[PDB]
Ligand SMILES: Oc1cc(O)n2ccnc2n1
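Shown here is one chain on its own, the form deposited without this ligand, set out as structure tokens.
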């Protein structure tokens, strides 16, 4: 007899900032921190198992590969080692990927210059 007092939809980062403001966000980041990759990380709109992350905008060291990134996110989310978790960039899963993040950044960053990612407890939808 719990009643779901559902609040608003969470707005995405794209929905909360204009194109112009994001670009200039990236411009500033990149002169101020040339070794760090700017990355938006968000939880999947229908996610039923995984917790919400504290923050959304991230700087990621250029030297980190995708598969160490994944563990950092699970560590920051405080997950069981056994929990199911997937990180997606432009529809593709990162399980299969041990390439450096500077490399992923240049192939998959959005036109505004942020690299976008969504995490979920499912790999397809």
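We call the rigid core whatever largest set of C-alpha positions still superposes within 1.5 Å between the two forms. Positions refer to the first chain, counted from 1.
The form solved in complex with this ligand exists for this protein as well; it is not shown, and the discussion that follows is about that form.
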In this shown form the pocket that this ligand occupies in the bound PDB entry, once superposed onto the local C-alphas and checked for 3 or more atoms within 2.4 Å of backbone or C-beta atoms, is blocked
Would residue 93 sit within 4.5 Å of this ligand in the bound PDB entry, counting heavy atoms only? yes
Any chance residue 85 has a heavy atom within 4.5 Å of this ligand in the bound PDB entry? yes
Which residues in 47-74 have a heavy atom within 4.5 Å of this ligand in the bound PDB entry? 70
Candidates 96, 83, 99, 35 - which moves between this form and the one not shown, C-alpha at least 2 Å, core fixed: 96
Is the CA-CA spacing of residue 120 and residue 95 tighter or wider in the bound PDB entry than here, given a 3 Å or more change? farther
Cα-Cα trend for residue 95 and residue 47, given that in the bound PDB entry the distance shifts by 3 Å or more: farther
